[PDB]
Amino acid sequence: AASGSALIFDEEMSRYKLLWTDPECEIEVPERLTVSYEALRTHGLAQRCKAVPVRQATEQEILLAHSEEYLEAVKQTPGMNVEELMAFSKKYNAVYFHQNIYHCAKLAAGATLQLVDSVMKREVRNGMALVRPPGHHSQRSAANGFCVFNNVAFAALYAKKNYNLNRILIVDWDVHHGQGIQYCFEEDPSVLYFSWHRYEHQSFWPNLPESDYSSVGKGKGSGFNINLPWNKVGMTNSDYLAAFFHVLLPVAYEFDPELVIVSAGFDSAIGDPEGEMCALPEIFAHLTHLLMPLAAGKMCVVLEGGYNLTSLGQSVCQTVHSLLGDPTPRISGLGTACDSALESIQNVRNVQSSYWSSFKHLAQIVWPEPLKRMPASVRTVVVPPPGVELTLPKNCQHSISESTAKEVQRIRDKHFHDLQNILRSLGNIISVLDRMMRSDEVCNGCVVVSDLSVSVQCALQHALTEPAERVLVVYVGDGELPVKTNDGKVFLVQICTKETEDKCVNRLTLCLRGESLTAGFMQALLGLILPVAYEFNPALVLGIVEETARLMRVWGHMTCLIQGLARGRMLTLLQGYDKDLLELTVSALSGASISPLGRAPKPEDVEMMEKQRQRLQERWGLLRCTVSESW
């Protein structure tokens, strides 16, 4: 029922700055804040967001995560002169203090709680807080690495206290390790902390052994801390996506968080002087998009680092875009994660195995600019059986031109000599694909259909000439859809009930063994289907479901995540009217929140799945989550 996206920001937080020479802190400037809001303003995004005001955090809230004696000593800094401010800062590592910083720290904190409250009160669906100073390095009795108070720690503690939450997921995709967040929730199994970070075998700041993958939490919270150390600079989109598909997402969907909070720092992005990675801003559209099916979309993005005043704004804009539901940009050039990343991913997956199901089976600069993401006027066209009419969210619509109608005549004579109300299915399929591929008006659609074969063929062939350079086809059924995969412009994902050994590397054919069937599907969706689809980079996704064929629990999740491919251009062909299935498909297509899920897959199922990884990862390297054996 919740709508919109909150943007919490206030120019006051840029009214503190470093007052002495120190090359460690020079990079953390007020302009980081004004650049990112200005970038949100320029692209129409901030205007499209519910502005929620900033508040100060109360002392009672600050004591949730900080010690009175630390709070007392910081409380004294607004009265310090500059010589005194330098001395107080030297008691800490990589942090400076300013007469206004205690003020803005309470604002950065309070802005986060505001965001937590807005999201949790259903007043918005998600949101983002542009704040200074950052939080994730801050610890219970010290400032650290530009942080005074742990803004994201507050949010989770505060949502625990005030909304009685049991399961919070913090995703820290900053390039630095959020050690303050690890410390704070180390023994807490209700807060699941994932952080990737530049490590370089402990030689990169903050130089902590606890920053390594060996740290999994302590006491009753072991398994709820997940460190992914990058041991080389220059990580790429393919590395980041591998991290999500083979570590974070599999754990995150199993955890089923009741709320997701992001330490969104963008020093993890190409051009950042500190992070020195190579991921494009566009990756952050997908980072965000891949987590939105969690917690019914209740996601609180919070700003940490990011220091290239140009790499910064672009990644902010990509995050808010996806928060607002705008189409994700296609990521091209994806492939294998580099070997150092495969090493880290391999190790972290292995030490975590004793605690998670998806892994349990292994224990036996100058860049280009990010285009523009025009939101679609009518996001989702719907085409129910003739006569039947349904209730559609405001961004949906129903059904034919003469030009369209002759082409059906054309196709009839050439390919289907024996021809009713199917030449309506065919007629709409064309106009929806025409509306999708031609105009950026309709974005995706769904069409209920009678004959499978005539309709899928006409759909796929009309798409290949649209032009769609490549079509990803995902079919839930047991037949053999007339989809030739010789040319390599078509990849096919078949989810059937009968084992059917695939021969070649442009089909992926899974046969699951019934209670198991949901948790089996999700591991395969995150482990196999999403990595291949993302490497393939289709221009259009073709969804198909057979009348005959427990895939009412997962279709929403798959319909949501598969829209990260193909600018969100999916066309779903449902055989047979099913009020709940159509309503669910249209809901996911149109952008609604996906309701959460909740039994670990059968061992025969994990076994079949990595048969398919083995058979396919030489071609589709984003499938890999171990270092390659070298002959």
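For clarity, a rigid core is taken as the largest C-alpha set superposing within 1.5 Å between two forms. Residue numbers here begin at 1 and follow the sequence given.
Taking the rigid core as the alignment reference, the C-alpha atoms of 355-363 lie farther on average from the displayed form in 6 other deposited structures of this protein than those of the other stretch among 355-363 and 485-493.
Taking 599-607 and 53-61 in turn, the stretch whose Cα atoms are more displaced from the shown form in 6 other deposited structures of this protein following rigid core superposition is 599-607. Across the other compared structures of the same protein with both neighbouring residues present, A549 lacks coordinates in at least a third. In none of the other PDB entries of this protein that model the residues around it does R424 lack coordinates, well short of a third.
In this entry, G598 and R599 are separated by 1 to 3 residues of the deposited sequence that lack coordinates. Counting the deposited residues that fall between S399 and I400 and carry no coordinates gives a value of 1 to 3.
Per-stretch averaging of Cα B factors for 390-398 and 196-204 places 390-398 on top. Per-stretch averaging of Cα B factors for 425-433 and 262-270 places 425-433 on top. The PDB entry assigns the greatest CA B-factor among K121, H246, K372, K232 to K372. Of all the options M80, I529, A242, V456, the entry's greatest CA B-factor is assigned to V456. Among all modelled residues in this chain, the alpha-carbon of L33 has a temperature factor (C-alpha) in the middle third. In this PDB entry, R55 carries a Cα temperature factor that places it within the lowest third of its chain's modelled residues. In this PDB entry, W367 carries a Cα temperature factor that places it within the highest third of its chain's modelled residues. When the modelled residues of the chain are ordered by their C-alpha B factor, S67 lands in the lowest third. Among all modelled residues in this chain, the alpha-carbon of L19 has a temperature factor (C-alpha) in the middle third.
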